[PDB]
Amino acid sequence: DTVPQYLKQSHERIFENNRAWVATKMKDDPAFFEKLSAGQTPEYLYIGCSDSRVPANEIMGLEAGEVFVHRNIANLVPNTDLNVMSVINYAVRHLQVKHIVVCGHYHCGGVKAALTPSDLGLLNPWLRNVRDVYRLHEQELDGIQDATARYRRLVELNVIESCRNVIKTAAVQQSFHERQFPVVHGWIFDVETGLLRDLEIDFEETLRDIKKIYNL
Amino acid sequence: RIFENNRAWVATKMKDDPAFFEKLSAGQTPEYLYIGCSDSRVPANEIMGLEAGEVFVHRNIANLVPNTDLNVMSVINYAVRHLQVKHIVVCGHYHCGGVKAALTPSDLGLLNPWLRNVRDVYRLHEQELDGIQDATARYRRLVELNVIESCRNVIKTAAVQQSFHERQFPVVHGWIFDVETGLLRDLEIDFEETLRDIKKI
């Protein structure tokens, strides 16, 4: 019932590491935290998986402060999730972000967890959103005979449907109609090469396509 | 532009710095879950002097853990039950604008129910906050109490209570990140006491 000591010193070591990190930044730039604390308005909302590999801003060669960030299991945008719907609403309506990106990769454990028949308890309802993506694209995925190619295509279609879910929001549709931003993109990050790849989500075409069923 | 930056970033990472792409795909298990605000200033792993890969991450408006939010409850459940993370941290700072938005009587539409969680923190600590006359100092204390109640919400989860009872991990910590100095400040939450408090019910 007491906290093991190895957990207390693991925790202390973080603070030692933090003090050391501050010293080297102080040596490299004497006003760096002064400039950090200097204002900024993010231009990007980035939605990625909680299974992060590299900070968003560093992949994109931007300052951390130019990217407002959300990470969740399997980089989902479910209809009735007030968590992700609040980040989208705030980013669009308060930050007036010019770009929203959904970025996946082939090693998010969330998507893999969606395909195991196991009871993951509380996780099942969240990962149900990944299985709905399989249903929307069932013929395409059934016709890929290589398991690893099929899995990789599911990861990409999950990014694309998350993007479509962003585009379907009132905030994105109304902002785009009246100000021609934000624009939504779907990307894949390759861990093996460190390269971003555009899925070429057709924003203009997708936004037009959505209007029939989903306008405002 | 972004993709140019990305190619250049891969170069300096494989030219101006060392080649660590094998490590990127090497595979590791995070020892930390970090819950912060979507208004990021510095990557978690860099504040903590760890590899990005040692820290499983969630960011949301005002670093909240609301009871009925399946989004954050799924990251907690996965981190505890699948990743077997040894630490969960909630880290706030004084420039997440969600907390400030929660104190203006404005209708923020869809945001009202999310930010209602911040107003509930004011109510749980109303005497404490009413006694601070300086707006700025009162705001700063609200940011800290918001971290602490987020941490208490983590401790109250089935996943954390059951994991800690049977395996003595994870432990939960609340931190405040000071952007001016870059230093983490421990909020020194009552982990053992909250756990004992939960069993009274």
Side-chain angles (χ1 to χ4, degrees), chain A residues 44-60 67-78 81 83-84 87-88 100-116 120 122-134 151-166 184-192 194-197 199 201, chain B residues 24-30 32-36 38 40 43-45 51-60 69-83 85 88:
Chain A
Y44 285 73
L45 168 63
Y46 180 104
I47 298 165
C49 70
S50 297
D51 231 311
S52 31
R53 294 289 173 276
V54 186
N57 75 293
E58 295 191 0
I59 271 165
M60 302 170 63
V67 195
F68 195 80
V69 177
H70 182 70
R71 296 181 178 276
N72 71 38
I73 302 174
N75 55 266
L76 299 183
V77 182
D81 173 41
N83 186 329
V84 72
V87 333
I88 293 167
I100 304 166
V101 178
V102 181
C103 193
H105 61 79
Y106 301 121
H107 295 134
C108 314
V111 174
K112 194 149 282 163
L115 304 172
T116 69
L120 307 182
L122 202 38
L123 265 179
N124 299 319
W126 190 259
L127 296 174
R128 212 148 302 129
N129 297 110
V130 173
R131 300 173 163 100
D132 289 354
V133 172
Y134 200 117
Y151 168 76
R152 279 188 213 267
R153 183 55 181 158
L154 172 60
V155 170
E156 298 169 6
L157 286 171
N158 186 58
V159 168
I160 291 166
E161 288 305 337
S162 293
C163 290
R164 281 164 176 178
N165 289 348
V166 173
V184 172
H185 316 264
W187 304 336
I188 290 265
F189 176 77
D190 188 343
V191 301
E192 315 257 57
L195 291 168
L196 277 187
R197 155 150 91 88
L199 287 180
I201 259 71
Chain B
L24 211 35
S25 66
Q28 263 268 150
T29 180
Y32 287 74
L33 165 67
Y34 178 100
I35 301 170
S38 292
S40 27
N45 77 295
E51 294 292 341
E54 287 188 273
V55 192
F56 194 75
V57 178
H58 178 73
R59 299 178 173 279
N60 72 43
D69 173 41
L70 262 160
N71 183 332
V72 72
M73 287 304 137
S74 294
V75 335
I76 294 168
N77 234 250
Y78 184 79
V80 169
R81 291 183 153 124
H82 184 82
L83 303 183
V85 87
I88 305 170

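Values below: all heavy atoms of this structure, side chains included; hydrogens, waters and symmetry mates excluded. Chain identifiers are assigned alphabetically (A, B, ...) following the order of the sequence lines, protein sequences preceding nucleic acid strands; residue numbering begins at 1 within each chain.
Between B/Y78 and B/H82, the ring planes are parallel. Angles under 30° get that label, and only those over 60° would be called perpendicular.
Once rounded to the nearest 0.5 Å, the distance linking CD1 of A/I100 with OH of A/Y46 reads 14.5 Å. Remark: B/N45 CG to B/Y32 OH distance equals 12.5 Å, nearest 0.5 Å. The distance from atom CZ of A/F189 to atom OG of A/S52, rounded to the nearest 0.5 Å, is 11.0 Å. Taking OG of B/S25 as the start and NE2 of A/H105 as the end, the distance is 12.0 Å to the nearest 0.5 Å. Put simply, CG on A/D81 and CG on B/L70 are 8.0 Å apart, with the number rounded to the nearest 0.5 Å. Note that CD of B/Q28 and CZ of A/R53 are 10.0 Å apart. Values are rounded to the nearest 0.5 Å.
Taking the side chain as every heavy atom from C-beta outward, A/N158 and A/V155 never approach each other to under 4.5 Å. A/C103 is listed as a side-chain neighbour of A/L196, based on a closest heavy-atom distance under 4.5 Å. A/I188 has its side chain within reach of A/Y106: a pair of non-hydrogen atoms, C-beta onward, lies under 4.5 Å apart. Two residues are said to be in side-chain contact when any heavy atoms from C-beta on lie closer than 4.5 Å; A/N165 and A/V102 fail this criterion.
Residues that satisfy the side-chain contact (heavy atoms from CB on, under 4.5 Å) test with B/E51, not counting sequence neighbours, are B/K23, B/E54. Checked against side-chain hydrogen bond (donor to acceptor under 3.5 Å, both in side chains), A/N75 has no partners two or more places apart in sequence or in another chain. A/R197 is linked by a salt bridge (charged side-chain N to carboxylate O under 4.0 Å, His left out) to A/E156, counting only residues two or more places apart in sequence or in another chain. The salt bridge (charged side-chain N to carboxylate O under 4.0 Å, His left out) search around A/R164 returns A/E161, not counting sequence neighbours.
With hydrogens and angles disregarded, no donor-acceptor distance shorter than 3.5 Å links the side chain of B/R81 to the backbone of A/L123. Between the side chain of B/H58 and the backbone N or O of B/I76 there is no donor-acceptor pair closer than 3.5 Å.
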* Determine, step by step, whether B/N60 and B/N71 satisfy the side-chain contact (heavy atoms from CB on, under 4.5 Å) criterion, reporting the C-alpha distance in whole Å, the side-chain angles of both residues, the deciding distance to 0.1 Å, and the verdict. => CA-CA 10 Å; B/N60 72 43; B/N71 183 332; over 6 Å; no
* To do: Tell me, with the steps shown, if B/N77 and A/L120 meet side-chain contact (heavy atoms from CB on, under 4.5 Å).
  => CA-CA 9 Å; B/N77 234 250; A/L120 307 182; over 6 Å; no
* To do: Just do the side-chain contact (heavy atoms from CB on, under 4.5 Å) check on A/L76 and A/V130 with the steps written out, would you?
  => CA-CA 8 Å; A/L76 299 183; A/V130 173; 3.9 Å; yes
* **side-chain contact (heavy atoms from CB on, under 4.5 Å) assessment of B/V57 paired with A/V69** => CA-CA 10 Å; B/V57 178; A/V69 177; over 6 Å; no
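Nearest heavy-atom pair across A/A74 and A/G110 is CB-C, 4.0 Å. A/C163 and A/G186 make their closest contact through SG-CA, 3.5 Å (heavy atoms, listed as atom of the first residue, atom of the second, distance). Scanning both residues, A/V87 and B/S38, for their nearest heavy atoms gives CG1-OG, 4.0 Å.
For residues 104-113 of chain A, the set of pairs meeting the salt bridge (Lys or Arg N to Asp or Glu O under 4.0 Å) definition, not counting sequence neighbours, is empty. Pairs engaging residues 123-132 of chain A under the side-chain hydrogen bond (donor to acceptor under 3.5 Å, both in side chains) rule: A/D119-A/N124 [sequence neighbours left out].
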